[PDB]
$ cat start_9.cif   # mmCIF, C-alpha atoms
data_start
#
loop_
_atom_site.label_atom_id
_atom_site.label_comp_id
_atom_site.auth_asym_id
_atom_site.auth_seq_id
_atom_site.Cartn_x
_atom_site.Cartn_y
_atom_site.Cartn_z
CA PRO F 529 23.89 -7.71 -42.84
CA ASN F 530 25.15 -7.53 -40.18
CA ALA F 531 22.36 -4.99 -39.96
CA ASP F 532 21.39 -6.90 -36.81
CA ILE F 533 23.08 -3.95 -35.11
CA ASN F 534 21.72 -0.40 -35.37
CA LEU F 535 22.23 2.81 -33.44
CA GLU F 536 18.63 3.76 -32.72
CA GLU F 537 17.74 0.46 -31.04
CA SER F 538 21.11 0.22 -29.25
CA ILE F 539 20.93 3.74 -27.91
CA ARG F 540 17.39 3.29 -26.62
CA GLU F 541 18.26 -0.04 -25.06
CA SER F 542 21.31 1.68 -23.53
CA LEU F 543 19.45 4.73 -22.21
CA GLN F 544 17.07 2.41 -20.39
CA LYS F 545 19.89 0.31 -18.90
CA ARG F 546 21.38 3.59 -17.75
CA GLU F 547 18.23 5.10 -16.28
CA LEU F 548 17.76 1.80 -14.45
CA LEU F 549 21.32 1.70 -13.18
CA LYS F 550 21.16 5.31 -12.00
CA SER F 551 17.97 4.45 -10.11
CA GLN F 552 19.74 1.66 -8.25
CA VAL F 553 22.61 3.89 -7.21
CA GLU F 554 20.11 6.36 -5.87
CA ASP F 555 18.29 3.60 -4.00
CA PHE F 556 21.46 1.94 -2.70
CA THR F 557 22.78 5.25 -1.39
CA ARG F 558 19.48 6.15 0.32
CA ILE F 559 19.62 2.91 2.27
CA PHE F 560 23.34 2.88 2.84
CA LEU F 561 24.02 6.40 4.08
CA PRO F 562 21.62 6.62 7.04
CA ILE F 563 22.20 3.10 8.18
CA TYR F 564 25.96 3.55 7.95
CA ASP F 565 25.86 6.57 10.24
CA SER F 566 23.62 4.77 12.68
CA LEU F 567 26.32 2.11 12.94
CA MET F 568 29.39 4.33 12.99
CA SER F 569 27.89 6.48 15.69
CA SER F 570 26.97 3.57 17.97
CA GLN F 571 23.27 4.39 18.26
CA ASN F 572 19.90 2.65 18.15
CA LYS F 573 17.41 3.21 15.35
CA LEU F 574 14.38 1.69 13.75
CA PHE F 575 14.57 2.08 10.00
CA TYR F 576 11.59 1.47 7.82
CA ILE F 577 12.51 0.96 4.19
CA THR F 578 9.35 1.41 2.16
CA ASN F 579 8.39 1.08 -1.54
CA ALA F 580 10.26 -2.22 -1.87
CA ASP F 581 7.63 -3.47 -4.26
CA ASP F 582 9.56 -6.04 -6.30
CA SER F 583 12.32 -8.58 -5.78
CA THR F 584 14.93 -6.37 -7.34
CA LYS F 585 14.31 -3.81 -4.63
CA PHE F 586 14.79 -6.45 -2.00
CA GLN F 587 17.98 -7.43 -3.78
CA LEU F 588 19.30 -3.85 -3.46
CA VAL F 589 18.55 -3.97 0.25
CA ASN F 590 20.43 -7.24 0.72
CA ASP F 591 23.38 -5.78 -1.14
CA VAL F 592 23.47 -2.76 1.10
CA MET F 593 23.72 -5.18 4.02
CA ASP F 594 26.47 -7.19 2.35
CA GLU F 595 28.52 -4.06 2.08
CA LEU F 596 27.89 -3.04 5.67
CA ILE F 597 28.98 -6.48 6.90
CA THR F 598 32.08 -6.12 4.71
CA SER F 599 32.79 -2.60 6.00
CA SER F 600 32.82 -4.35 9.38
CA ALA F 601 35.42 -6.95 8.44
CA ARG F 602 37.80 -4.06 7.76
CA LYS F 603 37.40 -2.41 11.15
CA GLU F 604 35.78 0.37 9.11
CA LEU F 605 32.67 -0.14 11.20
CA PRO F 606 32.23 -1.21 14.83
CA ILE F 607 31.63 -4.96 15.17
CA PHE F 608 27.99 -5.93 14.64
CA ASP F 609 25.86 -9.05 14.20
CA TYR F 610 23.34 -9.15 11.39
CA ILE F 611 20.21 -11.30 11.15
CA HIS F 612 17.72 -11.40 8.35
CA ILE F 613 14.16 -12.55 8.92
CA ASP F 614 11.45 -13.22 6.36
CA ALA F 615 8.19 -12.33 8.05
CA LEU F 616 6.31 -14.88 5.98
CA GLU F 617 7.41 -17.63 8.34
CA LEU F 618 4.23 -17.26 10.44
CA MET F 621 3.30 -13.75 15.01
CA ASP F 622 4.27 -15.06 18.43
CA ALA F 623 6.54 -17.13 16.20
CA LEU F 624 8.87 -14.21 15.54
CA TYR F 625 9.70 -13.43 19.15
CA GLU F 626 11.85 -16.54 19.32
CA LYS F 627 13.42 -15.27 16.15
CA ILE F 628 14.33 -12.00 17.78
CA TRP F 629 15.53 -13.99 20.76
CA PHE F 630 17.73 -16.22 18.63
CA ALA F 631 18.95 -13.09 16.88
CA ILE F 632 19.97 -11.55 20.22
CA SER F 633 21.61 -14.75 21.47
CA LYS F 634 21.78 -18.42 20.37
CA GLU F 635 18.95 -19.80 22.54
CA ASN F 636 16.18 -22.40 22.24
CA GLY F 639 11.81 -23.63 26.51
CA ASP F 640 8.86 -21.49 25.41
CA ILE F 641 9.18 -17.79 24.60
CA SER F 642 8.28 -15.34 27.39
CA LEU F 643 7.77 -11.86 26.00
CA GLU F 644 8.39 -10.77 29.59
CA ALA F 645 11.84 -12.30 30.07
CA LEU F 646 12.87 -11.77 26.45
CA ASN F 647 12.09 -8.12 27.07
CA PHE F 648 13.95 -8.07 30.39
CA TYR F 649 17.06 -9.51 28.74
CA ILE F 650 17.18 -6.79 26.09
CA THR F 651 16.57 -3.83 28.35
CA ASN F 652 18.12 -5.01 31.59
CA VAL F 653 21.07 -7.34 31.11
CA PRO F 654 24.05 -4.93 31.12
CA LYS F 655 25.34 -3.33 27.91
CA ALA F 656 28.99 -4.38 28.34
CA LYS F 657 27.58 -7.93 28.35
CA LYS F 658 26.87 -7.88 24.60
CA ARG F 659 27.78 -6.21 21.25
CA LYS F 660 25.75 -4.48 18.48
CA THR F 661 23.04 -6.45 16.82
CA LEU F 662 21.13 -5.43 13.70
CA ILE F 663 17.90 -7.13 12.64
CA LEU F 664 16.31 -6.87 9.24
CA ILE F 665 12.64 -7.84 9.14
CA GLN F 666 11.43 -8.46 5.63
CA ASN F 667 7.73 -7.83 5.06
CA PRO F 668 6.50 -7.18 8.58
CA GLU F 669 3.28 -5.54 7.31
CA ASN F 670 0.91 -8.04 8.90
CA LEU F 671 2.78 -9.83 11.71
CA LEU F 672 3.99 -6.70 13.50
CA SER F 673 1.92 -3.95 15.10
CA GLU F 674 0.87 -2.17 18.29
CA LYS F 675 2.41 -3.87 21.31
CA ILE F 676 5.43 -4.89 19.26
CA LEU F 677 5.82 -1.24 18.28
CA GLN F 678 5.97 -0.43 21.97
CA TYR F 679 8.42 -3.24 22.70
CA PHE F 680 10.52 -1.80 19.89
CA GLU F 681 10.32 1.57 21.56
CA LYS F 682 11.66 0.15 24.82
CA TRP F 683 14.33 -2.12 23.35
CA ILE F 684 15.61 0.58 21.04
CA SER F 685 15.58 3.47 23.54
CA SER F 686 17.15 1.25 26.20
CA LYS F 687 20.87 1.77 26.74
CA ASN F 688 21.45 -1.93 27.31
CA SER F 689 19.95 -3.26 24.11
CA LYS F 690 22.46 -2.33 21.41
CA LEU F 691 19.78 -3.06 18.85
CA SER F 692 18.87 -1.42 15.57
CA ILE F 693 16.01 -2.89 13.54
CA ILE F 694 15.33 -2.50 9.84
CA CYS F 695 11.94 -3.23 8.29
CA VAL F 696 11.43 -3.53 4.56
CA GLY F 697 8.03 -3.52 2.95
CA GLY F 698 5.74 -2.09 0.31
CA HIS F 699 4.01 1.28 0.24
CA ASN F 700 0.77 0.00 1.79
CA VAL F 701 2.63 0.33 5.08
CA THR F 702 1.64 3.40 7.08
CA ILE F 703 2.81 3.43 10.69
CA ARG F 704 4.04 6.99 10.20
CA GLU F 705 0.85 7.54 12.18
CA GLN F 706 1.39 5.32 15.23
CA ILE F 707 4.99 6.51 15.37
CA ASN F 708 3.99 10.12 15.93
CA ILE F 709 2.29 9.44 19.25
CA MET F 710 5.49 7.69 20.44
CA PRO F 711 8.19 10.37 21.02
CA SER F 712 10.74 7.85 22.42
CA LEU F 713 10.47 6.00 19.11
CA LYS F 714 9.84 8.82 16.68
CA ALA F 715 13.21 10.05 17.97
CA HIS F 716 14.91 6.82 16.97
CA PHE F 717 12.96 6.17 13.86
CA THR F 718 13.72 6.97 10.30
CA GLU F 719 11.78 6.24 7.14
CA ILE F 720 13.84 5.51 4.04
CA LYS F 721 11.60 5.83 0.93
CA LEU F 722 12.75 3.99 -2.21
CA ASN F 723 12.13 5.14 -5.81
CA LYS F 724 8.53 4.96 -6.96
CA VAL F 725 7.77 3.77 -10.49
CA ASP F 726 5.42 6.67 -11.44
CA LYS F 727 1.65 6.20 -11.78
CA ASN F 728 1.16 7.31 -15.38
CA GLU F 729 4.07 5.41 -16.87
CA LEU F 730 3.04 2.40 -14.77
CA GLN F 731 -0.56 2.22 -15.91
CA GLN F 732 0.39 2.80 -19.50
CA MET F 733 2.57 -0.32 -19.19
CA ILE F 734 -0.29 -2.46 -17.83
CA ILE F 735 -2.62 -1.33 -20.62
CA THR F 736 -0.06 -2.17 -23.22
CA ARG F 737 0.77 -5.40 -21.37
CA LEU F 738 -2.96 -6.18 -21.32
CA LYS F 739 -3.34 -5.84 -25.08
CA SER F 740 -0.52 -8.32 -25.54
CA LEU F 741 -1.95 -10.83 -23.05
CA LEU F 742 -5.43 -10.79 -24.61
CA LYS F 743 -5.06 -12.92 -27.73
CA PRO F 744 -7.49 -15.56 -29.02
CA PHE F 745 -7.64 -18.86 -27.18
CA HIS F 746 -9.10 -22.29 -27.73
CA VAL F 747 -11.67 -24.45 -26.10
CA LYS F 748 -12.54 -28.06 -26.90
CA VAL F 749 -16.11 -29.37 -26.69
CA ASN F 750 -16.94 -32.99 -25.88
CA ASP F 751 -19.75 -35.38 -26.62
CA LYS F 752 -21.00 -34.10 -23.27
CA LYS F 753 -21.46 -30.58 -24.67
CA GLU F 754 -19.32 -29.52 -21.70
CA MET F 755 -16.54 -27.00 -22.36
CA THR F 756 -12.79 -27.19 -21.63
CA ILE F 757 -9.62 -25.27 -22.55
CA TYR F 758 -7.17 -26.50 -25.13
CA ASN F 759 -3.38 -26.94 -24.86
CA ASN F 760 -2.74 -24.35 -27.59
CA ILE F 769 -6.62 -27.57 -34.61
CA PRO F 770 -9.03 -30.53 -34.24
CA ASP F 771 -12.60 -30.16 -35.47
CA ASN F 772 -14.15 -30.12 -32.02
CA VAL F 773 -12.06 -27.11 -30.93
CA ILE F 774 -13.17 -23.51 -31.37
CA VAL F 775 -11.36 -20.19 -31.21
CA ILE F 776 -12.42 -17.58 -28.67
CA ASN F 777 -11.78 -13.83 -28.84
CA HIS F 778 -10.52 -12.29 -25.62
CA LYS F 779 -11.44 -8.64 -25.36
CA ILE F 780 -11.74 -5.74 -22.93
CA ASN F 781 -13.48 -2.38 -23.24
CA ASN F 782 -11.28 0.69 -23.51
CA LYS F 783 -12.94 2.76 -20.78
CA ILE F 784 -12.60 -0.28 -18.46
CA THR F 785 -8.86 -0.84 -18.98
CA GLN F 786 -8.33 2.78 -18.07
CA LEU F 787 -9.90 2.05 -14.68
CA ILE F 788 -8.33 -1.36 -14.10
CA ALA F 789 -4.90 -0.08 -15.13
CA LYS F 790 -5.26 2.74 -12.64
CA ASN F 791 -6.41 0.63 -9.74
CA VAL F 792 -4.02 -2.21 -10.34
CA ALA F 793 -1.25 0.31 -10.78
CA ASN F 794 -2.23 1.73 -7.41
CA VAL F 795 -2.38 -1.67 -5.70
CA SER F 796 0.95 -2.65 -7.32
CA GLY F 797 3.50 0.16 -7.22
CA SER F 798 5.73 -2.09 -9.31
CA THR F 799 5.67 -3.24 -12.94
CA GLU F 800 6.72 -6.66 -11.71
CA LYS F 801 3.73 -6.99 -9.36
CA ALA F 802 1.27 -5.65 -11.93
CA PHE F 803 2.33 -8.04 -14.71
CA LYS F 804 2.03 -11.09 -12.44
CA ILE F 805 -1.55 -9.97 -11.87
CA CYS F 806 -2.50 -9.34 -15.51
CA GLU F 807 -1.14 -12.71 -16.40
CA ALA F 808 -3.38 -14.41 -13.80
CA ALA F 809 -6.47 -12.25 -14.36
CA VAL F 810 -6.23 -13.46 -17.95
CA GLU F 811 -5.95 -17.07 -16.92
CA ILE F 812 -8.98 -16.66 -14.70
CA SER F 813 -10.99 -14.79 -17.31
CA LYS F 814 -10.39 -17.72 -19.66
CA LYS F 815 -11.23 -20.25 -16.98
CA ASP F 816 -14.54 -18.43 -16.71
CA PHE F 817 -15.57 -18.44 -20.34
CA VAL F 818 -15.61 -22.20 -20.17
CA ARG F 819 -17.72 -22.03 -17.01
CA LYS F 820 -20.26 -19.84 -18.78
CA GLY F 821 -20.55 -22.70 -21.31
CA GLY F 822 -21.21 -20.29 -24.17
CA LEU F 823 -24.73 -19.63 -22.90
CA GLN F 824 -25.48 -17.28 -20.01
CA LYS F 825 -28.45 -15.37 -18.63
CA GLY F 826 -30.42 -15.65 -21.87
CA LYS F 827 -27.98 -14.45 -24.56
CA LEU F 828 -25.21 -16.61 -25.95
CA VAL F 829 -21.48 -16.05 -25.26
CA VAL F 830 -19.12 -16.34 -28.18
CA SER F 831 -16.18 -14.22 -27.02
CA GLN F 832 -14.86 -13.41 -23.52
CA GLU F 833 -15.00 -9.97 -21.93
CA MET F 834 -12.50 -8.92 -19.30
CA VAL F 835 -14.07 -7.63 -16.08
CA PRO F 836 -12.41 -6.17 -12.93
CA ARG F 837 -13.54 -8.99 -10.71
CA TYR F 838 -11.06 -11.17 -12.59
CA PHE F 839 -8.29 -8.93 -11.25
CA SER F 840 -9.53 -8.91 -7.69
CA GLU F 841 -9.50 -12.71 -7.81
CA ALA F 842 -6.00 -12.58 -9.32
CA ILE F 843 -4.85 -10.42 -6.38
CA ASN F 844 -6.27 -12.82 -3.80
#
$ encode --input "start_9.cif" --output "C-alpha cells"
Amino acid sequence: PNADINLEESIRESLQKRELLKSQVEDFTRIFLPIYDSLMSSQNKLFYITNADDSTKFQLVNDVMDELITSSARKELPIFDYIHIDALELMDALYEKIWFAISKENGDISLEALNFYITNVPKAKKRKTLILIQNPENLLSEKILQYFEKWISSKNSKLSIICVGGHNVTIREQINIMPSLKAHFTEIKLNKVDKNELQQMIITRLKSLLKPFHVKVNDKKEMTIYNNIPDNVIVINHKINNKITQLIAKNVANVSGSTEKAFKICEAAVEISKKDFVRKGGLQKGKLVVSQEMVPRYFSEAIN
C-alpha cells in the first residue's frame, strides 16, 4: 500500500462528479439559450428562473451572465448593461434600484415619473438594459407585475428582467391573466433534485447527526450542555422514531428542494432538540426524561 487507491471507490466518486457536471451543463444551457436569443433579437422579456434552491444554482446563473457580458465585449451580442440586485436588501426600496439600473441617478423615488421615464423617454435615447433580481419572492408582486408589463411591452424601455428564485414561487397564475406580459414572459425551470433520493439523504443525514451528547449539572440542579468527562456530566441519547423520520424527511424534502437547504435544517433542528432536553430538566409532565426524542416542531423552529 499504496492501496489508498482503488477502482471501485474511484469510479463511483467519478460517476458522481460526472452526473453532477452533466447536470450543470444542462442547467447552464437552459438559462443561456433563451436569454441569448432574447438579446440577439433585440426584444423585451421577463424571465423567471425557478428551482434555484442552493448557492451552486445561483452560481450557475451568475456564470451564464458572465458569459453573456463577455459575448457582448466581442460584438457577438448587441451592447447591453447588466445589473444584479439581491432582493434581500429590503420593497419601495427597490424602485430606486431599478432607477439606478436604468440610469445613474439619486430626491425621493416617484413610481409615477420612474415609470414615465421607462415608457415615454424615446428609445433612441438609451441602450439595452438587463436586470437580474435575485430572490424577489416576497418584495415583488401585483402592481409591480403590472409595471413590469408596461415597461417590458413598451417600445421605449429596452428592458429585459430576470428573476431567480426557489420553487415556492408561483406567479404562473397571475401571468396568465396578463396577455401583454404572458407574451413576453418565459419560465426557465432548473433541475430538480428528486423527492425520493432527497428524502433518503435527509434520513441518512439524520442518523448521522443524532449521536449521544453531554449535559453538565450544577450544584443548582439546573442543566446545561457540555463542550464535547467530569463526574458531574452525563451522556444523553438522541433518538427519533422511524415512522416519524419518514414524515419529517418527506416534508422537509418538500420545503427544501435542495440537499444543501435540507442539511442546514437538520443540523439546526438537532441543535434545538438538544437545547430543549436541557430545558425539560430531565423531569417533565410526571415521567422522567433520560434521553431526547426528536419531534417535528424542532424542524419548524429550525426553518424559522
$ resolve_selection --input "start_9.cif" --expression "the PyMOL selection byres ((chain F and resi 755) around 10)" --output "list in words"
residues 747, 748, 749, 750, 751, 752, 753, 754, 756, 757, 758, 773, 817, 818, 819, 820, 821 and 822 of chain F
$ write_last_selection --input "start_9.cif" --atoms "C-alpha atoms" --output "PDB file, in the coordinates of the input"
ATOM      1  CA  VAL F 747     -11.670 -24.450 -26.100  1.00  0.00           C
ATOM      2  CA  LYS F 748     -12.540 -28.060 -26.900  1.00  0.00           C
ATOM      3  CA  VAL F 749     -16.110 -29.370 -26.690  1.00  0.00           C
ATOM      4  CA  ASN F 750     -16.940 -32.990 -25.880  1.00  0.00           C
ATOM      5  CA  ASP F 751     -19.750 -35.380 -26.620  1.00  0.00           C
ATOM      6  CA  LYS F 752     -21.000 -34.100 -23.270  1.00  0.00           C
ATOM      7  CA  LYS F 753     -21.460 -30.580 -24.670  1.00  0.00           C
ATOM      8  CA  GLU F 754     -19.320 -29.520 -21.700  1.00  0.00           C
ATOM      9  CA  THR F 756     -12.790 -27.190 -21.630  1.00  0.00           C
ATOM     10  CA  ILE F 757      -9.620 -25.270 -22.550  1.00  0.00           C
ATOM     11  CA  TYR F 758      -7.170 -26.500 -25.130  1.00  0.00           C
ATOM     12  CA  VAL F 773     -12.060 -27.110 -30.930  1.00  0.00           C
ATOM     13  CA  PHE F 817     -15.570 -18.440 -20.340  1.00  0.00           C
ATOM     14  CA  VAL F 818     -15.610 -22.200 -20.170  1.00  0.00           C
ATOM     15  CA  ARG F 819     -17.720 -22.030 -17.010  1.00  0.00           C
ATOM     16  CA  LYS F 820     -20.260 -19.840 -18.780  1.00  0.00           C
ATOM     17  CA  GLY F 821     -20.550 -22.700 -21.310  1.00  0.00           C
ATOM     18  CA  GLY F 822     -21.210 -20.290 -24.170  1.00  0.00           C
TER      19      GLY F 822
END
$ atom_distance --input "start_9.cif" --atom1 "atom CA of residue 717 of chain F" --atom2 "atom CA of residue 651 of chain F"
18.0 Å
$ atom_distance --input "start_9.cif" --atom1 "atom CA of residue 684 of chain F" --atom2 "atom CA of residue 575 of chain F"
11.2 Å
$ resolve_selection --input "start_9.cif" --expression "the PyMOL selection byres ((chain F and resi 740) around 12)" --output "VMD selection string"
chain F and resid 733 to 739 741 to 744 778 to 780 803 806 to 807 810
$ closest_residue --input "start_9.cif" --among "F:746, F:731, F:772, F:605" --to "residue 815 of chain F" --atoms "only C-alpha atoms"
F:746
$ resolve_selection --input "start_9.cif" --expression "the PyMOL selection byres ((chain F and resi 666-683) around 6)" --output "count of residues only"
14
$ closest_residue --input "start_9.cif" --among "F:559, F:577, F:787, F:775" --to "residue 592 of chain F" --atoms "only C-alpha atoms"
F:559
$ residues_around --input "start_9.cif" --residues "segment 547-553 of chain F" --least-positions-apart "4" --cutoff "8 Å" --atoms "all atoms listed in the file" --output "PyMOL selection string"
chain F and resi 543+557+588+723
$ atom_distance --input "start_9.cif" --atom1 "atom CA of residue 808 of chain F" --atom2 "atom CA of residue 837 of chain F"
11.9 Å
$ residues_around --input "start_9.cif" --residues "residue 631 of chain F" --least-positions-apart "2" --cutoff "9 Å" --atoms "all atoms listed in the file" --output "number ranges by chain"
F: 609-612, 626-629, 633-635, 661-663
$ closest_residue --input "start_9.cif" --among "F:659, F:585, F:727, F:573" --to "residue 608 of chain F" --atoms "only C-alpha atoms"
F:659
$ closest_residue --input "start_9.cif" --among "F:567, F:811, F:642, F:801" --to "residue 690 of chain F" --atoms "only C-alpha atoms"
F:567
$ residues_near_point --input "start_9.cif" --point "(25.6, -0.2, 25.8)" --cutoff "6 Å" --atoms "all atoms listed in the file" --output "list in words"
residues 655, 656, 687, 688 and 690 of chain F
$ closest_residue --input "start_9.cif" --among "F:719, F:537, F:726, F:595" --to "residue 797 of chain F" --atoms "only C-alpha atoms"
F:726
$ axis_aligned_box --input "start_9.cif" --around "segment 609-618 of chain F" --padding-each-side "6 Å" --output "JSON"
{"center_x": 15.0, "center_y": -13.3, "center_z": 10.1, "size_x": 33.6, "size_y": 20.6, "size_z": 20.2}
